[PDB]
């Protein structure tokens, strides 16, 4: 009893526990809704930058309590956010991975270490191979790219579109017009190539609007609105253009050349071609090291079969079946 406490985490939105019934399992603490004061609390938590989340941040500030930034894990589910609960959860008491304006737990892991062991790196190799072999991604919904869709050996590049309102854009040091710059930069650099734009799945299903999807591009540009498996789609390109999408890291995991126009969580470590700078990120990292911290250590996994705390391999085995 000396090594544990009964001090719960405060939240200011009932929507968190609604969308994540196993929230307390992820947090390893109890949750309480709208506490009137800090006494008895071990932290406050919020989801993204919605109104209620910013109120939680303010209370953390007021009360001098840690603020836990909660997000869906990098491996989330078989289905989009509105289809099922998340299979892993990111819980960041420092900042949040997509916010390049401050440190985050993930950035701290990458900068200063404390975790690189032969045993962990072996696990990372195993998990990375399984994800590549089984074409696993965040949502695991898309269909395969049929043979004949792409012309063999034809030069082509891929631009990744995102959802309007994505906080990772502006907190990744970019803005709405960065997507237009990314497009014309790709044109100028690849005069002989075909240009493909992949619309975000949430925009395909009509729940959100996109940046590039709303633009009027040259008729020769091929805008993809079919719901292809993203890692299957990526296999048909060598060079990827992205502002701040997680799909850029999925491309990096497949060894593609990733040109970043924002500063996402995986940029600034020496593995990407960066149009932005982040002086706070100093240590160079290999892909395996970046993957180990970002996918194995940083998220909190549940064993989908038991509802109890687990690891990345529990979710992988669940996604395969």
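Numbering follows the first chain given and starts at 1.
Participant: Take the C-alpha B-factors listed in the entry for 92 to 100 and for 150 to 158, compute each mean, and give the stretch with the larger one.
Facilitator: Higher of the two, by average CA B-factor, is 150 to 158.
Participant: Taking the recorded C-alpha temperature factors, which stretch has the higher mean, 17 to 25 or 303 to 311?
Facilitator: Per the deposited B-factors, the answer is 17 to 25.
Participant: Checking the record values for 227, 116, 176, 107, which has the greatest CA B factor?
Facilitator: Comparing C-alpha B-factors across 227, 116, 176, 107, the top value belongs to 227.
Participant: Quiz for you: based on the deposited Cα B-factor, which of 186, 171, 204, 221 is highest?
Facilitator: The record points to 221.
Participant: If you rank the chain by CA B-factor, which third does residue 289 end up in: lowest, middle or highest?
Facilitator: It belongs to the lowest third of the chain when residues are ordered by C-alpha B-factor.
Participant: Consider only the C-alpha atoms of the modelled residues in this chain, order them by B-factor as the entry records it, and name the third containing residue 246: lowest, middle or highest.
Facilitator: Its C-alpha B-factor, which the entry lists for residue 246, ranks in the lowest third among residues of this chain.
Participant: Name the third of the chain's ranked CA B-factors that contains residue 136, choosing lowest, middle or highest.
Facilitator: It falls in the middle third of the chain.
Participant: Please rank the C-alpha B-factors of the chain's modelled residues and tell me whether residue 86 sits in the lowest, middle or highest third.
Facilitator: Middle third.
Participant: Comparing residue 72 with the other modelled residues of its chain, is its CA B-factor in the lowest, middle or highest third?
Facilitator: Residue 72: CA B-factor falls in the lowest third of its chain.
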